[PDB]
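Only one structure is covered here, and it is reproduced in the block below.
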Amino acid sequence: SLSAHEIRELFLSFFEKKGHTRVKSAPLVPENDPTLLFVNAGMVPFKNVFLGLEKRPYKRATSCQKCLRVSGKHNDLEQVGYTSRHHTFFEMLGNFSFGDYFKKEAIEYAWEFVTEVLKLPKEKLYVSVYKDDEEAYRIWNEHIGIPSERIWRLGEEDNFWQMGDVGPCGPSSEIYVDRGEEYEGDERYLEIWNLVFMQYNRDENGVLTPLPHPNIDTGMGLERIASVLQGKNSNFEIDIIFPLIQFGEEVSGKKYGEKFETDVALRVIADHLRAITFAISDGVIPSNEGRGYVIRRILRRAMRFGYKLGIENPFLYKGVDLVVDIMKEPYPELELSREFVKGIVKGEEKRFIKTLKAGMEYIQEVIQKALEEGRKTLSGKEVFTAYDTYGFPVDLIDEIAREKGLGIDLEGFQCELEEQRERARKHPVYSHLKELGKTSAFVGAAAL
């Protein structure tokens, strides 16, 4: 029923066929973009080209991009593990137009690949349009032949894309597949492709102007679409990620499908193995600031859940070899960094397990001391201690405390943060005062 690897090739080849130029995936860390620590979408590297600043030999491009949404206005690390759709790392299959073909062509190639390449039924397919997108609806309903009953006219928060506050923007059309009456909602009508029509110029004023040369930018998550073709009810059960779940089962001696909590840890470990492998492979080294901290919190999270499963010895390092052997066909460079990634990961692990263990005992203790004493949160001191003494990331402490119904004293943490500061300066990272509380969720205690 089509393997992940197959779908990726079919997409790329299909578009080269449509004159698009296969563009190698940019690395996860933007070369000269101290702005974004991680490429989140296929378009990111083409940004300046859609802007018209940068030049490209071609007007049509297609690619499968290495993506990371553990960050910013596109940061799902928080949900990772709890749902069957969220990930840190993922692949975006996309086709782009640089002032060349637009709406119709965008819609035709999309409709042909879904119906004639992926082989999905034209009857279980739905498309959404910008409510006042007369052009889009018309082409969907008249040119393609989509029965009006299968087309939804939605608002701005649903089909109006924007690059930023001021910026090229425009309508978007999403193709959804109806997976059956045994499902419902955004799970039954699973969106698998979002086509973006950059038609307007949003002045600073918020005033929109047509673009002289409109552009096309599409995005289809690979795992999600593979899950549809392979008849799965989760992205973690697809050919390219299920073995990672199994990885967890074997090392834990626990099984997948028995209890939520366990499935949560298993999914966390699997999603984070891919994230850390592709991240370190692309140059990111664990540390306490920026990218290094993003990955460090990731590896930190996997370790903690792995221990939650009862795993007492380093293990994430063994998963690395699995990730590489699985994604080596589309990402051969991984075999060259396989042994380097494995070492960095084992170093972190061997370099972090014991502290996480003692930290977990400490944290649990105070939690239990809290709910026994009627407390409904962890003190600023209790947070700082596990943050500064056991090295726990601010978010990791919150998640742990969260499982018990307890939260953490946000203001008291901040107060404690200043104290240490005024303390350290009496008795690189660069924070603002009263923003120490915010920064800290992004750096290590040693950093502040």
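By convention here, the chains of the structure tokens are called A, B, ... in the order presented, each chain's residues are numbered starting at 1, and ligands are numbered starting at 1 in the order presented.
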field: Residue set, stretch 70-228 of chain A restricted to strand (DSSP E), as number ranges by chain
entry: A: 70-71, 74-75, 89-97, 125-130, 151-154, 160-162, 167-178, 189-202, 208-221
For the structure I just gave you, how does DSSP split stretch 292-370 of chain A - specifically, which residues are helix (DSSP H, G or I)? Reply as a PDB file with N, CA and C atoms, in the first residue's frame.
```pdb
ATOM      1  N   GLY A 292      21.587  24.160  20.591  1.00  0.00           N
ATOM      2  CA  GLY A 292      22.143  23.155  21.474  1.00  0.00           C
ATOM      3  C   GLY A 292      21.223  22.818  22.625  1.00  0.00           C
ATOM      4  N   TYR A 293      20.498  23.815  23.115  1.00  0.00           N
ATOM      5  CA  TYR A 293      19.584  23.588  24.215  1.00  0.00           C
ATOM      6  C   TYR A 293      18.286  22.946  23.735  1.00  0.00           C
ATOM      7  N   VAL A 294      17.876  23.267  22.504  1.00  0.00           N
ATOM      8  CA  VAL A 294      16.655  22.707  21.920  1.00  0.00           C
ATOM      9  C   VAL A 294      16.798  21.181  21.880  1.00  0.00           C
ATOM     10  N   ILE A 295      17.904  20.728  21.295  1.00  0.00           N
ATOM     11  CA  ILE A 295      18.229  19.313  21.172  1.00  0.00           C
ATOM     12  C   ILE A 295      18.476  18.683  22.542  1.00  0.00           C
ATOM     13  N   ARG A 296      19.167  19.406  23.419  1.00  0.00           N
ATOM     14  CA  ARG A 296      19.449  18.904  24.759  1.00  0.00           C
ATOM     15  C   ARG A 296      18.160  18.627  25.527  1.00  0.00           C
ATOM     16  N   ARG A 297      17.179  19.520  25.407  1.00  0.00           N
ATOM     17  CA  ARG A 297      15.901  19.313  26.085  1.00  0.00           C
ATOM     18  C   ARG A 297      15.204  18.100  25.472  1.00  0.00           C
ATOM     19  N   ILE A 298      15.392  17.913  24.171  1.00  0.00           N
ATOM     20  CA  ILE A 298      14.793  16.782  23.471  1.00  0.00           C
ATOM     21  C   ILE A 298      15.370  15.481  24.022  1.00  0.00           C
ATOM     22  N   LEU A 299      16.695  15.387  24.038  1.00  0.00           N
ATOM     23  CA  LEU A 299      17.367  14.191  24.527  1.00  0.00           C
ATOM     24  C   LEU A 299      17.043  14.004  26.002  1.00  0.00           C
ATOM     25  N   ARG A 300      16.837  15.119  26.698  1.00  0.00           N
ATOM     26  CA  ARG A 300      16.509  15.126  28.121  1.00  0.00           C
ATOM     27  C   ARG A 300      15.131  14.515  28.315  1.00  0.00           C
ATOM     28  N   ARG A 301      14.210  14.918  27.449  1.00  0.00           N
ATOM     29  CA  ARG A 301      12.848  14.422  27.511  1.00  0.00           C
ATOM     30  C   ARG A 301      12.795  12.921  27.252  1.00  0.00           C
ATOM     31  N   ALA A 302      13.479  12.463  26.200  1.00  0.00           N
ATOM     32  CA  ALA A 302      13.487  11.038  25.875  1.00  0.00           C
ATOM     33  C   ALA A 302      14.044  10.221  27.041  1.00  0.00           C
ATOM     34  N   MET A 303      15.177  10.659  27.593  1.00  0.00           N
ATOM     35  CA  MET A 303      15.799   9.993  28.731  1.00  0.00           C
ATOM     36  C   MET A 303      14.818   9.851  29.889  1.00  0.00           C
ATOM     37  N   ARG A 304      14.158  10.946  30.251  1.00  0.00           N
ATOM     38  CA  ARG A 304      13.217  10.934  31.367  1.00  0.00           C
ATOM     39  C   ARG A 304      12.061   9.973  31.171  1.00  0.00           C
ATOM     40  N   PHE A 305      11.493   9.931  29.971  1.00  0.00           N
ATOM     41  CA  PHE A 305      10.392   9.002  29.738  1.00  0.00           C
ATOM     42  C   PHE A 305      10.911   7.572  29.693  1.00  0.00           C
ATOM     43  N   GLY A 306      12.102   7.396  29.122  1.00  0.00           N
ATOM     44  CA  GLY A 306      12.703   6.079  29.045  1.00  0.00           C
ATOM     45  C   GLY A 306      12.884   5.533  30.447  1.00  0.00           C
ATOM     46  N   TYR A 307      13.343   6.387  31.356  1.00  0.00           N
ATOM     47  CA  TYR A 307      13.515   5.978  32.743  1.00  0.00           C
ATOM     48  C   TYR A 307      12.112   5.692  33.263  1.00  0.00           C
ATOM     49  N   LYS A 308      11.149   6.542  32.902  1.00  0.00           N
ATOM     50  CA  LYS A 308       9.764   6.338  33.347  1.00  0.00           C
ATOM     51  C   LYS A 308       9.331   4.917  33.028  1.00  0.00           C
ATOM     52  N   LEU A 316      19.286   5.520  24.249  1.00  0.00           N
ATOM     53  CA  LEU A 316      18.982   6.353  23.083  1.00  0.00           C
ATOM     54  C   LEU A 316      20.039   6.212  22.003  1.00  0.00           C
ATOM     55  N   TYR A 317      21.257   5.885  22.423  1.00  0.00           N
ATOM     56  CA  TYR A 317      22.358   5.748  21.485  1.00  0.00           C
ATOM     57  C   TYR A 317      22.159   4.558  20.576  1.00  0.00           C
ATOM     58  N   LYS A 318      21.505   3.525  21.093  1.00  0.00           N
ATOM     59  CA  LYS A 318      21.263   2.343  20.285  1.00  0.00           C
ATOM     60  C   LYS A 318      20.195   2.645  19.243  1.00  0.00           C
ATOM     61  N   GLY A 319      19.291   3.566  19.566  1.00  0.00           N
ATOM     62  CA  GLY A 319      18.234   3.918  18.630  1.00  0.00           C
ATOM     63  C   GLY A 319      18.750   4.658  17.406  1.00  0.00           C
ATOM     64  N   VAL A 320      19.823   5.416  17.593  1.00  0.00           N
ATOM     65  CA  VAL A 320      20.407   6.171  16.504  1.00  0.00           C
ATOM     66  C   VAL A 320      20.672   5.275  15.294  1.00  0.00           C
ATOM     67  N   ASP A 321      21.309   4.125  15.507  1.00  0.00           N
ATOM     68  CA  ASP A 321      21.595   3.201  14.414  1.00  0.00           C
ATOM     69  C   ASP A 321      20.339   2.744  13.684  1.00  0.00           C
ATOM     70  N   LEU A 322      19.223   2.704  14.404  1.00  0.00           N
ATOM     71  CA  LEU A 322      17.961   2.310  13.798  1.00  0.00           C
ATOM     72  C   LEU A 322      17.480   3.433  12.877  1.00  0.00           C
ATOM     73  N   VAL A 323      17.486   4.658  13.395  1.00  0.00           N
ATOM     74  CA  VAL A 323      17.059   5.810  12.612  1.00  0.00           C
ATOM     75  C   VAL A 323      17.820   5.886  11.283  1.00  0.00           C
ATOM     76  N   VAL A 324      19.140   5.715  11.337  1.00  0.00           N
ATOM     77  CA  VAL A 324      20.001   5.777  10.148  1.00  0.00           C
ATOM     78  C   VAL A 324      19.736   4.675   9.118  1.00  0.00           C
ATOM     79  N   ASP A 325      19.565   3.449   9.590  1.00  0.00           N
ATOM     80  CA  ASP A 325      19.311   2.344   8.681  1.00  0.00           C
ATOM     81  C   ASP A 325      17.947   2.453   8.017  1.00  0.00           C
ATOM     82  N   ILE A 326      17.033   3.166   8.662  1.00  0.00           N
ATOM     83  CA  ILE A 326      15.684   3.342   8.136  1.00  0.00           C
ATOM     84  C   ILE A 326      15.582   4.461   7.098  1.00  0.00           C
ATOM     85  N   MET A 327      16.185   5.612   7.395  1.00  0.00           N
ATOM     86  CA  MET A 327      16.138   6.775   6.508  1.00  0.00           C
ATOM     87  C   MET A 327      17.380   6.986   5.645  1.00  0.00           C
ATOM     88  N   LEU A 334      23.548  10.377   6.225  1.00  0.00           N
ATOM     89  CA  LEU A 334      23.414   9.886   7.594  1.00  0.00           C
ATOM     90  C   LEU A 334      24.397   8.772   7.940  1.00  0.00           C
ATOM     91  N   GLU A 335      24.781   7.950   6.973  1.00  0.00           N
ATOM     92  CA  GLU A 335      25.716   6.874   7.291  1.00  0.00           C
ATOM     93  C   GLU A 335      27.111   7.406   7.612  1.00  0.00           C
ATOM     94  N   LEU A 336      27.428   8.593   7.107  1.00  0.00           N
ATOM     95  CA  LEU A 336      28.729   9.216   7.338  1.00  0.00           C
ATOM     96  C   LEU A 336      28.775   9.858   8.727  1.00  0.00           C
ATOM     97  N   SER A 337      27.608  10.226   9.237  1.00  0.00           N
ATOM     98  CA  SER A 337      27.532  10.833  10.557  1.00  0.00           C
ATOM     99  C   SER A 337      26.985   9.861  11.598  1.00  0.00           C
ATOM    100  N   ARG A 338      26.673   8.643  11.163  1.00  0.00           N
ATOM    101  CA  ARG A 338      26.133   7.600  12.037  1.00  0.00           C
ATOM    102  C   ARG A 338      26.940   7.375  13.323  1.00  0.00           C
ATOM    103  N   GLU A 339      28.244   7.168  13.189  1.00  0.00           N
ATOM    104  CA  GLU A 339      29.107   6.942  14.345  1.00  0.00           C
ATOM    105  C   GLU A 339      29.375   8.230  15.134  1.00  0.00           C
ATOM    106  N   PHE A 340      29.310   9.381  14.474  1.00  0.00           N
ATOM    107  CA  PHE A 340      29.548  10.632  15.185  1.00  0.00           C
ATOM    108  C   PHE A 340      28.319  11.028  15.988  1.00  0.00           C
ATOM    109  N   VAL A 341      27.155  10.783  15.409  1.00  0.00           N
ATOM    110  CA  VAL A 341      25.900  11.099  16.066  1.00  0.00           C
ATOM    111  C   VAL A 341      25.732  10.166  17.257  1.00  0.00           C
ATOM    112  N   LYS A 342      26.081   8.902  17.061  1.00  0.00           N
ATOM    113  CA  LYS A 342      25.938   7.915  18.120  1.00  0.00           C
ATOM    114  C   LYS A 342      26.779   8.293  19.343  1.00  0.00           C
ATOM    115  N   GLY A 343      28.003   8.746  19.105  1.00  0.00           N
ATOM    116  CA  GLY A 343      28.869   9.138  20.205  1.00  0.00           C
ATOM    117  C   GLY A 343      28.373  10.346  20.980  1.00  0.00           C
ATOM    118  N   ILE A 344      28.036  11.418  20.268  1.00  0.00           N
ATOM    119  CA  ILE A 344      27.535  12.630  20.899  1.00  0.00           C
ATOM    120  C   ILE A 344      26.336  12.270  21.777  1.00  0.00           C
ATOM    121  N   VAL A 345      25.452  11.429  21.248  1.00  0.00           N
ATOM    122  CA  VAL A 345      24.249  10.995  21.963  1.00  0.00           C
ATOM    123  C   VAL A 345      24.550  10.138  23.186  1.00  0.00           C
ATOM    124  N   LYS A 346      25.578   9.296  23.094  1.00  0.00           N
ATOM    125  CA  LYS A 346      25.952   8.447  24.215  1.00  0.00           C
ATOM    126  C   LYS A 346      26.636   9.306  25.275  1.00  0.00           C
ATOM    127  N   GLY A 347      27.423  10.280  24.823  1.00  0.00           N
ATOM    128  CA  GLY A 347      28.102  11.181  25.744  1.00  0.00           C
ATOM    129  C   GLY A 347      27.092  11.922  26.602  1.00  0.00           C
ATOM    130  N   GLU A 348      26.131  12.557  25.947  1.00  0.00           N
ATOM    131  CA  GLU A 348      25.062  13.277  26.625  1.00  0.00           C
ATOM    132  C   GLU A 348      24.429  12.333  27.653  1.00  0.00           C
ATOM    133  N   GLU A 349      23.984  11.167  27.179  1.00  0.00           N
ATOM    134  CA  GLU A 349      23.335  10.166  28.031  1.00  0.00           C
ATOM    135  C   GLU A 349      24.182   9.727  29.219  1.00  0.00           C
ATOM    136  N   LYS A 350      25.368   9.206  28.947  1.00  0.00           N
ATOM    137  CA  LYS A 350      26.238   8.775  30.027  1.00  0.00           C
ATOM    138  C   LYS A 350      26.524  10.014  30.869  1.00  0.00           C
ATOM    139  N   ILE A 353      22.366  10.701  32.695  1.00  0.00           N
ATOM    140  CA  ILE A 353      21.509   9.750  33.383  1.00  0.00           C
ATOM    141  C   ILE A 353      21.453   9.829  34.926  1.00  0.00           C
ATOM    142  N   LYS A 354      22.590   9.733  35.605  1.00  0.00           N
ATOM    143  CA  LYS A 354      22.576   9.753  37.059  1.00  0.00           C
ATOM    144  C   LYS A 354      21.936  10.975  37.681  1.00  0.00           C
ATOM    145  N   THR A 355      22.168  12.134  37.082  1.00  0.00           N
ATOM    146  CA  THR A 355      21.570  13.357  37.584  1.00  0.00           C
ATOM    147  C   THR A 355      20.065  13.357  37.373  1.00  0.00           C
ATOM    148  N   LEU A 356      19.625  12.840  36.229  1.00  0.00           N
ATOM    149  CA  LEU A 356      18.201  12.782  35.948  1.00  0.00           C
ATOM    150  C   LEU A 356      17.536  11.879  36.974  1.00  0.00           C
ATOM    151  N   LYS A 357      18.208  10.779  37.306  1.00  0.00           N
ATOM    152  CA  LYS A 357      17.683   9.819  38.279  1.00  0.00           C
ATOM    153  C   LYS A 357      17.510  10.432  39.664  1.00  0.00           C
ATOM    154  N   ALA A 358      18.554  11.078  40.170  1.00  0.00           N
ATOM    155  CA  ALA A 358      18.472  11.701  41.487  1.00  0.00           C
ATOM    156  C   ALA A 358      17.495  12.872  41.424  1.00  0.00           C
ATOM    157  N   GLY A 359      17.428  13.509  40.265  1.00  0.00           N
ATOM    158  CA  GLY A 359      16.534  14.635  40.102  1.00  0.00           C
ATOM    159  C   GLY A 359      15.103  14.167  40.173  1.00  0.00           C
ATOM    160  N   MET A 360      14.828  13.046  39.522  1.00  0.00           N
ATOM    161  CA  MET A 360      13.480  12.515  39.530  1.00  0.00           C
ATOM    162  C   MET A 360      13.026  12.178  40.944  1.00  0.00           C
ATOM    163  N   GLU A 361      13.921  11.624  41.762  1.00  0.00           N
ATOM    164  CA  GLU A 361      13.571  11.283  43.141  1.00  0.00           C
ATOM    165  C   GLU A 361      13.238  12.571  43.886  1.00  0.00           C
ATOM    166  N   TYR A 362      14.094  13.577  43.744  1.00  0.00           N
ATOM    167  CA  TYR A 362      13.864  14.856  44.403  1.00  0.00           C
ATOM    168  C   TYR A 362      12.511  15.442  44.031  1.00  0.00           C
ATOM    169  N   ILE A 363      12.284  15.601  42.729  1.00  0.00           N
ATOM    170  CA  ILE A 363      11.043  16.176  42.217  1.00  0.00           C
ATOM    171  C   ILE A 363       9.814  15.454  42.753  1.00  0.00           C
ATOM    172  N   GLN A 364       9.774  14.140  42.578  1.00  0.00           N
ATOM    173  CA  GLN A 364       8.648  13.357  43.072  1.00  0.00           C
ATOM    174  C   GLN A 364       8.407  13.651  44.543  1.00  0.00           C
ATOM    175  N   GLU A 365       9.472  13.588  45.338  1.00  0.00           N
ATOM    176  CA  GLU A 365       9.370  13.825  46.772  1.00  0.00           C
ATOM    177  C   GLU A 365       8.589  15.102  47.112  1.00  0.00           C
ATOM    178  N   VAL A 366       9.044  16.241  46.590  1.00  0.00           N
ATOM    179  CA  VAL A 366       8.394  17.530  46.849  1.00  0.00           C
ATOM    180  C   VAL A 366       6.954  17.553  46.342  1.00  0.00           C
ATOM    181  N   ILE A 367       6.711  16.899  45.211  1.00  0.00           N
ATOM    182  CA  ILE A 367       5.364  16.814  44.655  1.00  0.00           C
ATOM    183  C   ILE A 367       4.502  16.156  45.735  1.00  0.00           C
ATOM    184  N   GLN A 368       4.944  14.991  46.199  1.00  0.00           N
ATOM    185  CA  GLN A 368       4.226  14.241  47.234  1.00  0.00           C
ATOM    186  C   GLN A 368       4.108  15.048  48.529  1.00  0.00           C
ATOM    187  N   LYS A 369       5.123  15.863  48.800  1.00  0.00           N
ATOM    188  CA  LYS A 369       5.140  16.717  49.993  1.00  0.00           C
ATOM    189  C   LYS A 369       4.178  17.890  49.806  1.00  0.00           C
ATOM    190  N   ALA A 370       3.861  18.162  48.548  1.00  0.00           N
ATOM    191  CA  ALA A 370       2.984  19.266  48.201  1.00  0.00           C
ATOM    192  C   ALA A 370       1.532  18.910  48.375  1.00  0.00           C
TER     193      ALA A 370
END
```
Report as a Markdown table the residues of stretch 2-107 of chain A within 9 Å of stretch 280-290 of chain A, each with its shortest atom pair and distance in Å (one decimal), using only C-alpha atoms, ordered by chain and increasing residue number.
```
| residue | atom | partner | partner_atom | distance |
| --- | --- | --- | --- | --- |
| A:27 | CA | A:282 | CA | 6.2 |
| A:28 | CA | A:282 | CA | 6.5 |
| A:29 | CA | A:282 | CA | 7.1 |
| A:37 | CA | A:290 | CA | 7.1 |
```
- prompt: Near residue A:70, within 9 Å and counting only C-alpha atoms, which residues show up once chain neighbours fewer than 4 positions away are dropped, as a PyMOL selection string?
  reply: chain A and resi 38+40+74-78+87-89+294+298
Export of the given selection (N, CA and C atoms) as a PDB file, in the first residue's frame:
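See result_12.pdb below for the written result:
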```pdb
ATOM      1  N   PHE A  38      15.670  26.559  13.630  1.00  0.00           N
ATOM      2  CA  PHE A  38      15.372  25.369  12.836  1.00  0.00           C
ATOM      3  C   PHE A  38      14.386  25.559  11.693  1.00  0.00           C
ATOM      4  N   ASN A  40      11.423  24.948   9.686  1.00  0.00           N
ATOM      5  CA  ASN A  40      10.144  24.374  10.059  1.00  0.00           C
ATOM      6  C   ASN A  40       9.285  23.929   8.877  1.00  0.00           C
ATOM      7  N   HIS A  74       5.608  27.833  15.821  1.00  0.00           N
ATOM      8  CA  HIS A  74       5.460  26.511  15.222  1.00  0.00           C
ATOM      9  C   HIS A  74       6.316  25.587  16.087  1.00  0.00           C
ATOM     10  N   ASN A  75       5.830  25.338  17.299  1.00  0.00           N
ATOM     11  CA  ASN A  75       6.517  24.523  18.294  1.00  0.00           C
ATOM     12  C   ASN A  75       5.537  23.550  18.934  1.00  0.00           C
ATOM     13  N   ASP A  76       5.588  22.291  18.513  1.00  0.00           N
ATOM     14  CA  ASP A  76       4.687  21.263  19.035  1.00  0.00           C
ATOM     15  C   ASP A  76       5.355  20.284  20.007  1.00  0.00           C
ATOM     16  N   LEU A  77       6.608  20.535  20.377  1.00  0.00           N
ATOM     17  CA  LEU A  77       7.316  19.637  21.292  1.00  0.00           C
ATOM     18  C   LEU A  77       6.449  19.279  22.495  1.00  0.00           C
ATOM     19  N   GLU A  78       5.648  20.245  22.930  1.00  0.00           N
ATOM     20  CA  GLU A  78       4.771  20.064  24.071  1.00  0.00           C
ATOM     21  C   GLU A  78       3.756  18.928  23.912  1.00  0.00           C
ATOM     22  N   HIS A  87       4.920  15.769  15.958  1.00  0.00           N
ATOM     23  CA  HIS A  87       6.322  15.369  15.959  1.00  0.00           C
ATOM     24  C   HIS A  87       7.217  16.584  16.093  1.00  0.00           C
ATOM     25  N   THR A  88       8.483  16.315  16.401  1.00  0.00           N
ATOM     26  CA  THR A  88       9.507  17.332  16.511  1.00  0.00           C
ATOM     27  C   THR A  88      10.080  17.421  15.100  1.00  0.00           C
ATOM     28  N   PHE A  89      10.517  16.274  14.580  1.00  0.00           N
ATOM     29  CA  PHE A  89      11.064  16.203  13.225  1.00  0.00           C
ATOM     30  C   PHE A  89      10.046  15.585  12.268  1.00  0.00           C
ATOM     31  N   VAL A 294      17.876  23.267  22.504  1.00  0.00           N
ATOM     32  CA  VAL A 294      16.655  22.707  21.920  1.00  0.00           C
ATOM     33  C   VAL A 294      16.798  21.181  21.880  1.00  0.00           C
ATOM     34  N   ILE A 298      15.392  17.913  24.171  1.00  0.00           N
ATOM     35  CA  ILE A 298      14.793  16.782  23.471  1.00  0.00           C
ATOM     36  C   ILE A 298      15.370  15.481  24.022  1.00  0.00           C
TER      37      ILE A 298
END
```
message: Would you pick out the contacts of residue A:108 at 9 Å or less, using only C-alpha atoms, so that residues sharing its chain but fewer than 6 positions from it are not included, and give the list as a list in words?
response: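 Counting only C-alpha atoms, the residues come to residues 140, 143 and 144 of chain A.
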- request: Would you mind reading off the distance between atom CA of residue A:90 and atom CA of residue A:175, one decimal, in Å?
  value: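 About the pair atom CA of residue A:90 and atom CA of residue A:175: they are 19.2 Å apart.
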- request: Write out as a ChimeraX atom specification which residues come within 12 Å of stretch 427-432 of chain A when counting only C-alpha atoms, dropping same-chain ones fewer than 2 positions away.
  value: /A:287-290,293,414,417-425,434-448
Residues from last step as file, N, CA and C atoms, as a compact mmCIF listing (two decimals), in the first residue's frame:
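Final output, part-v6.txt:
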```
# COMPACT_ATOMS: atom_id res chain seq x y z
N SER A 287 24.10 21.70 24.21
CA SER A 287 24.68 22.79 24.98
C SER A 287 23.57 23.46 25.79
N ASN A 288 23.84 24.63 26.36
CA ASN A 288 22.81 25.28 27.18
C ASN A 288 22.22 26.55 26.62
N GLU A 289 22.46 26.80 25.34
CA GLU A 289 21.94 27.99 24.71
C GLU A 289 21.55 27.67 23.26
N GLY A 290 20.51 28.34 22.80
CA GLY A 290 20.01 28.15 21.46
C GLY A 290 19.73 26.73 21.00
N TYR A 293 20.50 23.82 23.12
CA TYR A 293 19.58 23.59 24.21
C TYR A 293 18.29 22.95 23.73
N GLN A 414 10.70 33.32 39.10
CA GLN A 414 11.27 34.57 38.65
C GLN A 414 11.93 35.32 39.81
N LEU A 417 14.90 33.68 40.61
CA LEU A 417 15.89 33.89 39.55
C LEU A 417 16.65 35.19 39.78
N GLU A 418 15.94 36.25 40.16
CA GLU A 418 16.61 37.52 40.42
C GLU A 418 17.52 37.38 41.64
N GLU A 419 17.00 36.74 42.68
CA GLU A 419 17.77 36.55 43.90
C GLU A 419 19.14 35.98 43.59
N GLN A 420 19.17 34.85 42.89
CA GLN A 420 20.44 34.22 42.54
C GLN A 420 21.31 35.19 41.77
N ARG A 421 20.69 35.97 40.89
CA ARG A 421 21.41 36.94 40.08
C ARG A 421 22.07 38.03 40.94
N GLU A 422 21.28 38.66 41.81
CA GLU A 422 21.76 39.70 42.71
C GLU A 422 22.74 39.08 43.71
N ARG A 423 22.58 37.78 43.92
CA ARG A 423 23.40 36.98 44.83
C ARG A 423 24.74 36.65 44.16
N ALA A 424 24.65 36.22 42.91
CA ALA A 424 25.83 35.84 42.14
C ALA A 424 26.72 37.04 41.84
N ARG A 425 26.10 38.22 41.72
CA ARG A 425 26.83 39.44 41.43
C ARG A 425 27.18 40.20 42.70
N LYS A 434 13.37 40.48 34.80
CA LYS A 434 11.92 40.31 34.76
C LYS A 434 11.57 39.53 33.51
N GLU A 435 12.60 39.16 32.77
CA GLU A 435 12.45 38.39 31.55
C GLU A 435 13.36 37.17 31.73
N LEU A 436 13.91 37.07 32.94
CA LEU A 436 14.78 35.97 33.33
C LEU A 436 13.92 34.73 33.40
N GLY A 437 12.69 34.91 33.87
CA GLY A 437 11.76 33.80 33.98
C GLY A 437 11.43 33.21 32.62
N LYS A 438 11.27 34.08 31.64
CA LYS A 438 10.96 33.66 30.27
C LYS A 438 12.18 33.05 29.59
N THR A 439 13.30 33.77 29.62
CA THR A 439 14.53 33.28 29.00
C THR A 439 14.88 31.87 29.50
N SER A 440 14.82 31.68 30.82
CA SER A 440 15.16 30.40 31.45
C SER A 440 14.52 29.15 30.86
N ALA A 441 13.34 29.31 30.27
CA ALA A 441 12.65 28.18 29.66
C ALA A 441 13.36 27.85 28.36
N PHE A 442 14.32 28.68 27.99
CA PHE A 442 15.03 28.48 26.73
C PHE A 442 16.52 28.22 26.87
N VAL A 443 17.02 28.30 28.09
CA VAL A 443 18.43 28.06 28.35
C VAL A 443 18.55 27.24 29.62
N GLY A 444 19.76 26.80 29.92
CA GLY A 444 20.00 26.01 31.12
C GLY A 444 20.32 26.90 32.30
N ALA A 445 19.99 26.44 33.50
CA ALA A 445 20.23 27.20 34.72
C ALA A 445 21.64 27.76 34.71
N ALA A 446 22.59 26.96 34.24
CA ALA A 446 23.97 27.42 34.17
C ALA A 446 24.07 28.66 33.28
N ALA A 447 23.16 28.77 32.31
CA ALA A 447 23.17 29.90 31.38
C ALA A 447 22.76 31.21 32.04
N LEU A 448 21.75 31.17 32.91
CA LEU A 448 21.31 32.38 33.61
C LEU A 448 22.05 32.52 34.93
```
- request: Within 10 Å of residue A:198, counting only C-alpha atoms, which residues show up once you throw out same-chain ones fewer than 6 positions away? Write them as an NGL selection string, please.
  value: :A and (50 or 97 or 99 or 102-103 or 160-163 or 167-172 or 210-211 or 213-217)
Å distance separating atom CA of residue A:239 from atom CA of residue A:256, one decimal place: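 If I compute the distance from atom CA of residue A:239 to atom CA of residue A:256, I get 15.5 Å.
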query: Which of these, A:390, A:189, A:236, A:58, has the shortest distance to residue A:84 once you count only C-alpha atoms?
result: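 Of all the options, A:236 lies closest to residue A:84.
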- request: Could you check how far atom CA of residue A:267 sits from atom CA of residue A:248, in Å to one decimal?
  value: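 Atom CA of residue A:248 lies 8.5 Å from atom CA of residue A:267.
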message: Using only C-alpha atoms for the distances, tell me which of A:148, A:199, A:3, A:218 is nearest to residue A:65.
response: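 Of the candidates, the smallest distance to residue A:65 is held by A:218.
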query: Using only C-alpha atoms, which residue out of A:240, A:270, A:22, A:173 lies closest to residue A:135?
result: A:173
